[PDB]
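To start, the structure itself, in structure tokens.
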Amino acid sequence: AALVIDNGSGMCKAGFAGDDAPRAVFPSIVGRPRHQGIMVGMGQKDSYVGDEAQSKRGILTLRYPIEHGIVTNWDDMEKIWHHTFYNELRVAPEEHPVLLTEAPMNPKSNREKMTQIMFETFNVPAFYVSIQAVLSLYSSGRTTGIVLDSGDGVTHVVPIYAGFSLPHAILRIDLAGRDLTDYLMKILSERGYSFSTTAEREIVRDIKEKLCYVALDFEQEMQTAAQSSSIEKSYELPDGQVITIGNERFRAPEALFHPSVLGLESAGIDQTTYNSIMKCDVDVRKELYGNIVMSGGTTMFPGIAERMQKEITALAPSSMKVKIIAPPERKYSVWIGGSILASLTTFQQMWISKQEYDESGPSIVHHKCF
Amino acid sequence: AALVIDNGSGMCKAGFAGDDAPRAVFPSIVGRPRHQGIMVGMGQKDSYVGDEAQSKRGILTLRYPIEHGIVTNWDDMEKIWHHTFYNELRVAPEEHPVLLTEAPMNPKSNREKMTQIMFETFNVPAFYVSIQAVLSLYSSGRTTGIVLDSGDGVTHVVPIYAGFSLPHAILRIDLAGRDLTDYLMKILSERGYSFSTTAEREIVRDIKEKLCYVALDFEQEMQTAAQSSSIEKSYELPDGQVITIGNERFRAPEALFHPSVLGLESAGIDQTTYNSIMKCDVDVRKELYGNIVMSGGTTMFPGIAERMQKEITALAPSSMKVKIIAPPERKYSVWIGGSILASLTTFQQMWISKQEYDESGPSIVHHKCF
Amino acid sequence: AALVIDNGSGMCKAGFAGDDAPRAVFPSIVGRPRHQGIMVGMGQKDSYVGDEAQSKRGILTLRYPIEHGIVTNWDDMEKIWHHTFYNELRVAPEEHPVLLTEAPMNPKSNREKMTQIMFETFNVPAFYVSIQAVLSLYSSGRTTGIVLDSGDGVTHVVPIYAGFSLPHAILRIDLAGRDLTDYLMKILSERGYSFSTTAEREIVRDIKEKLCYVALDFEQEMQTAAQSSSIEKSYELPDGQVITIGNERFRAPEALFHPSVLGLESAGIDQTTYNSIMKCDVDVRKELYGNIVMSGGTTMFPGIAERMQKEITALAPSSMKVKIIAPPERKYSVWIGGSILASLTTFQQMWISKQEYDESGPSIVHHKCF
Amino acid sequence: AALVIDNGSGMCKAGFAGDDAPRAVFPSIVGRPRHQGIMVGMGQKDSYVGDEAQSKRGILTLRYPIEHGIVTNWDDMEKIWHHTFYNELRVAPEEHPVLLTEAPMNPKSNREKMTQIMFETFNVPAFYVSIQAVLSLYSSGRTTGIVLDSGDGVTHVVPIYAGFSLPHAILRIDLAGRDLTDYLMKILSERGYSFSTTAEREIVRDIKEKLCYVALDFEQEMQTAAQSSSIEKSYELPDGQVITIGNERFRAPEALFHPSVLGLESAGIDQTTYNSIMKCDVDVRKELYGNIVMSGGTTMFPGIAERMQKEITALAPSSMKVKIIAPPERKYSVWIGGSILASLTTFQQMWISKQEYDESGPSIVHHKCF
Amino acid sequence: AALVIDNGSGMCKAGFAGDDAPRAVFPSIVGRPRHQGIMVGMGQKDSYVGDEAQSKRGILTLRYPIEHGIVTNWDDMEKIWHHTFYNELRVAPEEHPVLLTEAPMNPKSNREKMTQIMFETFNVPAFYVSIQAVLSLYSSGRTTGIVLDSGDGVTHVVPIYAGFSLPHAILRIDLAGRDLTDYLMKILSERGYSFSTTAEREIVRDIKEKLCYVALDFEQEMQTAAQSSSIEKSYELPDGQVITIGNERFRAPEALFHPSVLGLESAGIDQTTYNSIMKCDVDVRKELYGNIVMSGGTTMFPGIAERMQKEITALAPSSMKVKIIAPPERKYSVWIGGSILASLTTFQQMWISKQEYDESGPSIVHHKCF
Ligand SMILES: Nc1ncnc2c1ncn2[C@@H]1O[C@H](COP(=O)(O)OP(=O)(O)O)[C@@H](O)[C@H]1O
Ligand SMILES: Nc1ncnc2c1ncn2[C@@H]1O[C@H](COP(=O)(O)OP(=O)(O)O)[C@@H](O)[C@H]1O
Ligand SMILES: Nc1ncnc2c1ncn2[C@@H]1O[C@H](COP(=O)(O)OP(=O)(O)O)[C@@H](O)[C@H]1O
Ligand SMILES: Nc1ncnc2c1ncn2[C@@H]1O[C@H](COP(=O)(O)OP(=O)(O)O)[C@@H](O)[C@H]1O
Ligand SMILES: Nc1ncnc2c1ncn2[C@@H]1O[C@H](COP(=O)(O)OP(=O)(O)O)[C@@H](O)[C@H]1O
Ligand SMILES: [Mg+2]
Ligand SMILES: [Mg+2]
Ligand SMILES: [Mg+2]
Ligand SMILES: [Mg+2]
Ligand SMILES: [Mg+2]
């Protein structure tokens, strides 16, 4: 059986095919020491990965080797896969085909470089790469739908109808978990919590994943926050400091619908979604107002689905069955879908083999991999 | 018992002989994918037919393999019969003689090619082809009359008297449901509804079949539309958009009487009808001002019969019994007539047999088939 | 003397009648601030036009008020004419009749609204609107020809014979400079150049207008680009970044002949042209294979005329004198033609006057304006 | 005429509006006695300010009530304004509107508390607060630029284009005169000069402001200092001790470009500047590689501008007009700008009045003050 | 095996590596005669060391050649090592590598001079110097912690996390056993015990090391001493005089938390500790509120750990696991740690060799020694 890796921008997710739940999950980041290891007595190393990285942030600089789905640092990137194979899953990569994922319309160079690394350094027997949305759709068995995947690095809308892509209406957005965290960090610095080290950035991420939520009406909840204590929940900073976060718990996520606050010209996810639907033929729009499938951790806010519902119903003509699907498997949907795909017999012919790569090398992927 | 297929230009109609109602009806069109089927997991196909085609327009290009009664794409055409036999009626074509239909004066090549396909690929035991008008006349039992058949592809006038054809006065016209739909599409694009994909073309057809009607006086109803809301009915586009169509609901059908609007030099159906009557001997004109029988879906507009009545009475001398017959079976008249013909015992000698075709092949048909 | 404005979808062109060259040219766009003007000391404004807009893209959102020849934003549209009169040409609109242009079969509402604005707010003494193709034909003095006008917003084919229109064969296409720019933006994002702000969109337009060209054989030049450096010219992004564009320099324009790449079902300009010719009577087709006149900036690619020649000669029967005319005045042809028309004495009776509009208002235009 | 106070983190600067030069300058610090005043005969006091503080350091503890632009000690802070009004300028605060300044993105509480103090205790008639960068830009009349302000407490980069802020690209850094002094104190303690009382800290500041300079190449000048006397200039400690400072004269300022030496993860001013430029749209980057305006005393090192030039030109693409502007008015630029702003007539409507504050109190400022 | 010397400011501690207990301990002081040795008959000498010095204080002047970790008198300093090698341990220094210790941030000159003396005059085969805190941490095996070392000459706080130093948060204080003894001498002189010869100073040290203790509440125990006999313990001066010491038994040590009494501006050890913790990143503060390790004889007061606990818990946020570790090995911790370090095999490559010193001399140490 093959092996599935999502290579999520923010947190790698990996496991054996045919499993409904990912075995291994960890932050797709590396740790580099910035301080002198003068305590010779200990077996220190120049690099750290995942959990170890999280445990040592204050010693380390943190770098995300994936930005906006772009591998900007191949050397450190290799360590993520290296750890995933040799330490985490303890799997010989020569023994299994492997599946990878990428952002749509991602720069063609990187897919080649990725394939090169897989076939050369890990010497995998066979390989394939799929667009995340397709897998995430398989995770719900539907074959008519529109996917919002919103990982740490990108948010993109892909329509799929009866198993066909409509690439002319693929649309992507730079807003994602990372930049949303950056904005949250900014507004928190109107309180004393000014953070801004790469170490503290990761703690803001935790705070967001714990305590943020999406308002059904921005002016309503802003009024309530101006006029009540009740929103101003506490949180325990690791040093035991008590931070109180008010409207910011929602004023941040609001960016996904009014990105102008974040100074991005591109519209929010809802508006982009409507645009993409409208870019498709009128023959299909019905089914694409159904089957709005959320995916990825940025869809893990509470309330977000309701806001999307309300906005889309405000944009669509009435008497249209606007329906949003937000399964609780959202955070692992991509990997679930990949696990499903790898089990199909017919798909077993889809793999690119060692022989094929040897025949034409990386360029071959553009001919079959989608 | 034999089997009857109309092979209508726009929608195939098929069933067993001796039935007063056609069993199977579907659009005589094929669907070709234009977009990549990257969702391997699903069992997609390269071709679609009829209902499936209608259900997937936005994925597909649509092609009518019949134009103006001419089979321009024999390969895709074969699929229509193929579906009709094997899926729709679930009938072995070796077990039944089959009846087909054609436009009058249709190009002699195609009748041969059709016969070749029937006897070679479907290997039918016996075969015959009849001019649509004759069948449509049998559908009303009359044997003195003049038929207007106006399918999707052609409109033609055939007089028949006491069972005899008058081929010297056969007259055909290129105006038909398809080109009338095209014109309707044009004028709608003076509003925002500009459509013009092959997918949307089919929706214009539905709109026409739902909402168009024929004016008894063009200047009258144009004045009223200029001076009232009441004509400007709504329609629900499949995407839930609300389109409001005004005078266009009739300004389109008007083309059948003033084709100059459509830029065709040939006169309208009424004028052509009068011309054809006048081309016959004065011995018969009486009976041919009676027994104007409408046929085919373009005669399915409301009001059309009244307009024809008024025009013909304006052309004919007064004190002539201009009478128009518009049975509600219009839309299926051709197939009804064919079903009737196939039941006659004497007609059972009319069939061309496997033996006869083997004797002389396709050319044989010109000797007996009319 | 009257005044001529093209109101081109992408760039307004204006000047006095009787001039062979347009006096004033600027992008028909408005600029809206998205960022806070906290530097009170400066006299900022809420709106910007043309050159000012180009100079401030990074501050501004850009909106084209013309899409597909449709004025979708009348309020901002008014500013374009307002600037054109009061700042650019410095002309009192009460002192001169004015000529405007529109796409063929453009939605009838907008012509009325335009006339209303001209006679009410600008209070022009007299007014007329002409279809762009007719003017562009006058620009070459011919009176038998077929025009391809391909502005930023639309591309449409109009045949004209001896001064007569054949509206039944008018055909329009949504492909135009804007959507072609969008496609170019897409494929560039396979390299790192992902752009996609409304500001950067305008820079892609410049890049296209500088560096794109049409292949005489797609597979040939694709092979060469796969097998040579020589196509991969450089360009200097305004930030000094060096972008290298390869096959994309032509793979984009190719869309005009294989729009399926752009996911539009409608055929390319060549195929549409052949269709339109075939829609005309055989009496005229000879002259319409001559006198293929290019117009508008999308015809400003190098090589395009040759590709059209080769395609049309592949579609037409041989021994037909396929001839294409691509004067270097292409980019200003429409305005040139308008300048010519306004000088004719007989045309001076064609104008609609203040009196006439007062008599019947906007609806009057449909009776005389073509 | 209004009155302008910078409330600089390290040294208050104050004077009447419309003056090109600040009237009053003194260190924004308070002095508290730590030793018993047993010499009753003298009129001692529990508090000292500015010059008096400087004259008595050895008796006193010194506290900066401003840290990182944050007023951490409002009680002692009040004395700074109190002295400024009543002793220094000898001005009744009821007679003049007053202007104040703050760090960008400074914690929202403090702006309110400041306004409260101004309107309640000083009972000023009207008040306004501006971001330092904006004023410093007005000091050079430019309206396109990027400001580095680097006071004692903060260093922050703000881009401004044509008078518009781009808050999404505002970036701040904790490195500033104070912490740089602390580092200098540290390395001097590798020689005998170990200082580290709050009194001696102030003398290190003087030494820095007299004798430090920025290297154009760190390894070059380190080599020269390892291989020459010539850098090892003398200084006269107030007790007459002779201190010799070598490479430290530059190894300290180097921190602003390699803060890792100071153990801050955030990059240097140059890198941050490039990041901020890149955060702006490509429409404006050209003008922001021009008009790099230095401000505040940390930009008062010799050589710093050249180092910035070299670094930025190393980061920017070549053929970009990297230009740095370092007017000799740097040390007073903020106050100059404020003096200019207060003279503008239109700005006279910008003030918040006693009435407005009474209407809504401190919260009002967030609605108008930027 | 190598040899370990602490060169403690107040008492040298020396022995062979790999021993858990130091072999040799004596006061790091020299004795110089001030009185005429007229009793020729005896073999007197001009110098005395350690025990001999203690036995002859009344004849001698005593000088500490180490002050604040600074070797101020290299000539007399040499005798300490000279005695340590040749008399005390009876070891040839050519036969063993030797380890030394220094205060953090100690003036760079002295480390060089020390190395020079070791390699030149003692001609040791190999040498290394380590910061005291690191060794003292190894003495407890921990590798996350913060060390308070408080010898006779200095008290300094060093954080270490997972074996990494955070030099940016190293902080040192001049308060130490010597100056605390001086203060105790002062307050005793409010009783008759005015001492103040360099001889008597040493007896005050003994009294302190015997009879002082730290109050858990200063005002509490001051009240009790004002209201009870019970604190006023006796001591036997060497001349048999009976001295009674009351609150002074604690009013002295209190200086370490309220140094203002000693007229030092720098805060106490607790406050400095909190400051240092706060100077580290929030990623690590948790572990640094644990693992407060005491070291050196000034941590040998009873009660001190409890006072530190109470203060730190008063400064830290509650629900933080403030834990203090005060092993009874405190007084010898540094030497224990050094003994441990010298046994590690990997450390055996850390030594500087005779060859290396010969290559570059003293300056070499700054490249490897930490
Ligand atoms: N409960 C949550 N609430 C808000 N944001 C979350 C939550 N869980 C995860 N996230 C965000 O989603 C990111 C991961 O999303 P994911 O789809 O896994 O991206 P990728 O697939 O590229 O790793 C996290 O880093 C975080 O920013
Ligand atoms: N109710 C209706 N109103 C107007 N047009 C109709 C209606 N019903 C059918 N049509 C037109 O008639 C066409 C079919 O006519 P038909 O006689 O079946 O042609 P064919 O026999 O060649 O299939 C339809 O495609 C449509 O354009
Ligand atoms: N040299 C060129 N090469 C390619 N495209 C061009 C060139 N010049 C102009 N264009 C395209 O043509 C557009 C303008 O064409 P135009 O006919 O003026 O449209 P309109 O008349 O509606 O303004 C430009 O915005 C650009 O997209
Ligand atoms: N000539 C100089 N060289 C180096 N540093 C200087 C010089 N002059 C001033 N400084 C530093 O700049 C600080 C004051 O800068 P300033 O911009 O006034 O800060 P603020 O505006 O917050 O008072 C001084 O305290 C000192 O540290
Ligand atoms: N039991 C004790 N109580 C109080 N102070 C002590 C005690 N033991 C030692 N000291 C103080 O600690 C000093 C020695 O501490 P130490 O850490 O050895 O300094 P160094 O390491 O520099 O020699 C002694 O000189 C004395 O002042
Ligand atoms: Mg993912
Ligand atoms: Mg039919
Ligand atoms: Mg134009
Ligand atoms: Mg300042
Ligand atoms: Mg010691």
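Each chain in the structure tokens gets a letter, A, B and so on, in the order shown; residues start at 1 in every chain, and ligands are counted from 1 in the order they appear.
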
Applying 12 Å and only C-alpha atoms, which residues near residue 219 (chain C) remain after dropping the ones on its own chain fewer than 4 positions away? List them as a PyMOL selection string.
chain C and resi 215+223-226+247+250-251+254

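Taking only C-alpha atoms and all ligand atoms into account, the residues that come within 7 Å of ligand 9 are residues 6, 7, 8, 9, 151, 296 and 334 of chain D.
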
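Nearest-residue note for chain C: choosing from B:283, B:311, B:232, B:190, the minimum distance belongs to B:190, counting only C-alpha atoms.
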
So which residues are near ligand 4, meaning at most 10 Å away with only C-alpha atoms and all ligand atoms counted, given back as a PyMOL selection string?
chain D and resi 6-13+25-28+66-69+101-103+132+149-155+176-181+202+204-214+253+295-302+330-335

Just the selected residues (C-alpha atoms), exported as a compact mmCIF listing (two decimals), in the first residue's frame, please.
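Final output, selection.txt:
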# COMPACT_ATOMS: atom_id res chain seq x y z
CA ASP D 6 7.38 65.95 20.89
CA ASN D 7 7.51 64.04 24.19
CA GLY D 8 10.52 62.22 22.83
CA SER D 9 11.33 59.05 24.69
CA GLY D 10 14.75 60.29 25.73
CA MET D 11 14.61 64.07 25.57
CA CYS D 12 11.53 66.26 25.51
CA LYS D 13 11.44 68.93 22.82
CA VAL D 25 15.20 70.81 24.87
CA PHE D 26 15.95 68.72 27.93
CA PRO D 27 16.19 65.06 28.97
CA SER D 28 12.75 63.61 29.66
CA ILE D 66 8.91 56.65 28.75
CA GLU D 67 9.95 53.18 27.64
CA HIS D 68 9.48 52.01 24.07
CA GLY D 69 7.04 54.88 23.69
CA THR D 101 3.34 62.69 19.36
CA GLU D 102 3.38 58.94 19.79
CA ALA D 103 4.97 55.83 18.43
CA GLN D 132 5.92 61.10 14.61
CA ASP D 149 12.49 57.41 13.04
CA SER D 150 14.85 56.03 15.64
CA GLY D 151 14.49 57.81 18.96
CA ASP D 152 15.77 56.65 22.30
CA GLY D 153 12.88 54.28 22.82
CA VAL D 154 11.83 52.86 19.47
CA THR D 155 12.85 52.56 15.86
CA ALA D 176 16.78 52.29 20.06
CA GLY D 177 19.21 54.66 21.71
CA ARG D 178 18.63 53.27 25.19
CA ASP D 179 19.22 49.58 24.52
CA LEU D 180 22.11 50.46 22.22
CA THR D 181 23.60 52.38 25.12
CA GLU D 202 23.73 58.59 31.35
CA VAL D 204 27.66 56.21 28.50
CA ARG D 205 24.97 57.99 26.51
CA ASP D 206 27.13 61.10 26.26
CA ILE D 207 30.13 59.01 25.24
CA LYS D 208 28.12 57.38 22.49
CA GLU D 209 26.74 60.68 21.22
CA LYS D 210 30.30 62.03 21.11
CA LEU D 211 32.48 59.22 19.86
CA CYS D 212 30.65 56.36 18.12
CA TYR D 213 30.51 55.89 14.36
CA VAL D 214 29.21 53.34 11.86
CA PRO D 253 26.30 50.77 16.42
CA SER D 295 14.90 60.96 11.70
CA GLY D 296 15.77 61.08 15.36
CA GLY D 297 18.99 60.96 17.28
CA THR D 298 19.86 57.36 16.53
CA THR D 299 20.21 58.47 12.92
CA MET D 300 22.76 61.00 14.14
CA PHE D 301 25.72 58.66 13.89
CA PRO D 302 28.15 59.61 11.15
CA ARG D 330 17.50 65.15 11.90
CA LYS D 331 17.71 65.58 15.66
CA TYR D 332 14.81 68.07 15.70
CA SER D 333 12.88 66.93 12.63
CA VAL D 334 9.81 65.73 14.50
CA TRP D 335 9.32 69.03 16.28

Could you write out, as number ranges by chain, all the residues of region 35-276 of chain A that DSSP marks as strand (DSSP E)?
A: 48-49, 60-63, 66-67, 70-71, 98-102, 126-131, 145-150, 155-161, 164-165, 171-173, 233-236, 242-245

Residues near residue 315 (chain E), anyone? I mean within 10 Å using only C-alpha atoms, not counting same-chain ones fewer than 3 positions away, as a count of residues only.
9

Tell me as a ChimeraX atom specification which residues belonging to chain C come within 7 Å of chain B, counting only C-alpha atoms.
/C:105-108,168,265-266

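With distances taken over only C-alpha atoms and all ligand atoms, B:337 is the one residue among B:159, B:83, B:118, B:337 lying closest to ligand 7.
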
What's the 12 Å shell around residue 45 (chain C), counting only C-alpha atoms, without same-chain residues fewer than 3 positions away, as a PyMOL selection string?
(chain C and resi 31-33+36-37+40+42+48-49+52-53+60) or (chain D and resi 162-164)

Would you mind exporting the chosen residues as a PDB file, in the first residue's frame, restricted to N, CA and C atoms?
ATOM      1  N   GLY C  31      -9.828  55.918 -10.460  1.00  0.00           N
ATOM      2  CA  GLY C  31      -9.121  55.522  -9.261  1.00  0.00           C
ATOM      3  C   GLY C  31      -9.773  55.914  -7.954  1.00  0.00           C
ATOM      4  N   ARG C  32     -10.022  54.936  -7.089  1.00  0.00           N
ATOM      5  CA  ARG C  32     -10.621  55.200  -5.797  1.00  0.00           C
ATOM      6  C   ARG C  32      -9.612  54.898  -4.702  1.00  0.00           C
ATOM      7  N   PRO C  33      -9.405  55.808  -3.758  1.00  0.00           N
ATOM      8  CA  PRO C  33      -8.516  55.511  -2.634  1.00  0.00           C
ATOM      9  C   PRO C  33      -9.046  54.406  -1.742  1.00  0.00           C
ATOM     10  N   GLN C  36      -5.931  55.485   3.986  1.00  0.00           N
ATOM     11  CA  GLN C  36      -6.262  56.728   4.668  1.00  0.00           C
ATOM     12  C   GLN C  36      -5.302  57.850   4.294  1.00  0.00           C
ATOM     13  N   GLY C  37      -5.872  58.988   3.907  1.00  0.00           N
ATOM     14  CA  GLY C  37      -5.128  60.156   3.471  1.00  0.00           C
ATOM     15  C   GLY C  37      -4.618  61.039   4.594  1.00  0.00           C
ATOM     16  N   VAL C  40      -2.915  65.352   5.866  1.00  0.00           N
ATOM     17  CA  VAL C  40      -3.864  66.433   5.612  1.00  0.00           C
ATOM     18  C   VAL C  40      -3.244  67.520   4.752  1.00  0.00           C
ATOM     19  N   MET C  42      -1.700  67.883   2.241  1.00  0.00           N
ATOM     20  CA  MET C  42      -1.840  67.827   0.796  1.00  0.00           C
ATOM     21  C   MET C  42      -3.299  67.851   0.369  1.00  0.00           C
ATOM     22  N   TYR C  48      -9.628  59.818  -9.077  1.00  0.00           N
ATOM     23  CA  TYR C  48      -8.552  60.070 -10.014  1.00  0.00           C
ATOM     24  C   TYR C  48      -8.908  59.466 -11.360  1.00  0.00           C
ATOM     25  N   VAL C  49      -8.310  60.023 -12.405  1.00  0.00           N
ATOM     26  CA  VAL C  49      -8.661  59.683 -13.773  1.00  0.00           C
ATOM     27  C   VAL C  49      -7.396  59.548 -14.602  1.00  0.00           C
ATOM     28  N   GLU C  52      -3.281  60.374 -14.042  1.00  0.00           N
ATOM     29  CA  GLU C  52      -3.178  60.410 -12.590  1.00  0.00           C
ATOM     30  C   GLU C  52      -3.394  59.029 -11.996  1.00  0.00           C
ATOM     31  N   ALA C  53      -4.421  58.329 -12.470  1.00  0.00           N
ATOM     32  CA  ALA C  53      -4.659  56.966 -12.018  1.00  0.00           C
ATOM     33  C   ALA C  53      -3.451  56.075 -12.255  1.00  0.00           C
ATOM     34  N   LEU C  60      -4.491  53.047  -5.180  1.00  0.00           N
ATOM     35  CA  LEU C  60      -5.865  53.078  -5.631  1.00  0.00           C
ATOM     36  C   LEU C  60      -6.342  51.674  -5.949  1.00  0.00           C
TER      37      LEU C  60
ATOM     38  N   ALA D 162       2.210  59.940  -1.334  1.00  0.00           N
ATOM     39  CA  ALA D 162       1.319  61.031  -1.719  1.00  0.00           C
ATOM     40  C   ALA D 162       0.388  61.452  -0.593  1.00  0.00           C
ATOM     41  N   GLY D 163       0.861  61.344   0.637  1.00  0.00           N
ATOM     42  CA  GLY D 163       0.060  61.675   1.790  1.00  0.00           C
ATOM     43  C   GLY D 163      -0.800  60.572   2.349  1.00  0.00           C
ATOM     44  N   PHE D 164      -0.772  59.383   1.771  1.00  0.00           N
ATOM     45  CA  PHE D 164      -1.535  58.268   2.297  1.00  0.00           C
ATOM     46  C   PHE D 164      -0.632  57.332   3.081  1.00  0.00           C
TER      47      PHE D 164
END

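Straight-line separation from CA of residue 24 (chain A) to CA of residue 89 (chain A): 7.2 Å.
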
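When CA of residue 130 (chain B) is paired with CA of residue 289 (chain B), their separation reads 24.5 Å.
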
Could you pull out all residues of region 7-185 of chain D with a DSSP call of alpha helix (DSSP H) and give them as a VMD selection string?
chain D and resid 50 to 55 74 to 83 108 to 120 132 to 138 177 to 185

Pick from B:80, B:38, B:269, B:166, whichever lies nearest to residue 51 (chain B) using only C-alpha atoms:
B:80

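A straight line drawn from CA of residue 59 (chain D) to CA of residue 87 (chain D) is 22.5 Å long.
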
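Summary of the local environment: counting only C-alpha atoms, residues at most 12 Å from residue 364 (chain B), other than itself and those fewer than 4 positions away along its chain, are residues 108, 111, 112, 113, 115, 116, 127, 128, 351, 352, 353, 354, 355, 356, 357, 358, 359, 360, 368, 369 and 370 of chain B.
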